[PDB]
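Single-structure report; data block below.
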Amino acid sequence: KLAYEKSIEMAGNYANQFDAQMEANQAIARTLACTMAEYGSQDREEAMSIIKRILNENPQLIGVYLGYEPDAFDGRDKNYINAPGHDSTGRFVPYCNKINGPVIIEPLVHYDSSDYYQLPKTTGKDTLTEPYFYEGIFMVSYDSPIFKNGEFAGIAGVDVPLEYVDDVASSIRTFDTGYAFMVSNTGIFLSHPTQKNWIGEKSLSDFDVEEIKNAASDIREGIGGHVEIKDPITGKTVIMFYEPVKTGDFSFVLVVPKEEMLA
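Quick note: the sequence shown, position 32, residue 72 per the deposited numbering, numbers continuous.
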């Protein structure tokens with residue numbers, strides 16, 4: 041059936057549309073990490089200038105940062121203890137951001153425990169966190185390991201607000217009243233056209249509906265597909281088509297009332 045196939049192709053089309061800017065943001069952190077891996081100039085002020093320029097030239101970013109292991113940037117952490125942009129370790133951990141409006145540089149917090157630093161350190165791979173809120177801002181973080189001498193020295197990262205995802209996805213309309221939304225890898229809503237309190241707060245895995253649990257399981261694995269869900273209350277049936285977003289195995293979901301696709 042052609043209506044189903046068109047729906048599958050449309051869900052994939054949108055998934056790749058969303059993936060494109062994600063691949064760009066991933067490349068910005070990765071290119072910064074490769075560059076820092078070679079930076080023997082070991083100049084903290086200049087490196088702070090570099091991540092500030094990257095933030096200013098990329099309005100889709102809200103933070104750009106570097107985070108280093110002890111003495112791994114310049115062997116001189118002891119000369120920067122509680123300096124501007126630094127915490128009591130002296131580690132080079134500048135977080136150049138506009139989370140609160142103006143551009144400021146302050147030290148990263150929780151780098152010893154949080155996924156944005158710990159996952160690239162443990163996996164040695166470019167990482168995309170699940171979405172989260174930070175000081176009021178819904179976002180994900182792309183982080184790439186800096187390898188110097190063959191060894192993990194730190195990370196380069198960018199933080200990406202996700203309000204735009206709701207702005208774009210919650211405007212899609214298909215057939216008569218079909219709609220769309222995006223989810224993260226663990227099935228957390230990045231958008232919803234009417235339930236704004238679910239954004240960043242509820243997962244597909246939270247629904248007591250066998251089919252939705254199954255879609256969520258496919259999404260976690262980066263698998264595309266569709267499920268049919270009959271509502272015992274309205275009798276009405278919808279098909280949820282979900283297609284993977286290559287970067288992070290997020291997923292784009294189109295929800296189509298079945299009668300409308302048969303109409």
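Idealized CB from N, CA, C, for every residue including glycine.
- Cβ-Cβ separation between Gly240 and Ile252: approximately 18 Å, too far for a contact (criterion under 8 Å).
- Assigned with DSSP and collapsed to three states, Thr163 falls in helix.
- Inter-residue distance for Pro171 and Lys41 is about 36 Å (C-alpha atoms, whole angstroms).
- Scanning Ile145, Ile68, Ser210, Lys161 for the CA closest to the CA of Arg84 turns up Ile145.
- Rounded to whole angstroms, the separation of the alpha carbons of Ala73 and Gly125 is 19 Å.
- About 26 Å separates the beta carbons of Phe281 and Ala64, which is beyond the 8 Å limit, so they are not a contact pair.
- Counting every other CB atom within 10 Å of its CB across the protein chains shown gives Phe173 a total below 16, marking it as exposed.
- Ranked by Cα distance from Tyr105, the first of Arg116, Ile139, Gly115 is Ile139.
- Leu148 is not a Cβ neighbour of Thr287, given a cutoff of 8 Å.
- The stretch 213-220 makes no contact with the stretch 190-205; the number of CB pairs closer than 8 Å stays below 3.
- Scanning its chain for C-beta atoms nearer than 7 Å, with the 5 sequence neighbours on each side dropped, one finds around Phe290 the residues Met222, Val223, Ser224, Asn225, in chain order.
- Considering only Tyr182, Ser153, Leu230, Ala193, the residue with the shortest C-alpha distance to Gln66 is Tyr182.
- With fewer than 16 other CB atoms across the displayed protein chains lying within 10 angstroms of its CB, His150 is exposed.
- Shown here, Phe58 sits in a helix according to DSSP, grouped into three states.
- For the stretch 143-211, the continuous beta strand (DSSP E) assignments of 3+ residues that do not extend past its boundaries occur at 144-147, 172-174, 177-188, 191-201, in sequence order.
- With contacts defined as CB atoms closer than 8 Å, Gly194 and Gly107 qualify as a contacting pair.
- Distances from the alpha-carbon of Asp166 to those of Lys298, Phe192, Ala60 put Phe192 closest.
- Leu294 carries a strand assignment under DSSP once its states are collapsed to helix, strand and coil.
- Secondary structure at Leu302: helix, using DSSP grouped into helix, strand and coil.
- A distance of 8 Å or more separates the beta carbons of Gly164 and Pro142.
- Taking the CA atoms as reference points, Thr234 sits about 34 Å from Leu159.
- Nearest to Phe58 by alpha-carbon distance, out of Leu302, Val293, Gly115, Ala303, is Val293.
- Approximately 7 Å separates the beta-carbon atoms of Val295 and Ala220; this is inside 8 Å, confirming the contact.
- For the 8 Å CB-CB criterion, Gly265 and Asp258 form a contact.
- For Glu300, the closest C-alpha among the options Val278, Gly115, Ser128, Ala123 is that of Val278.
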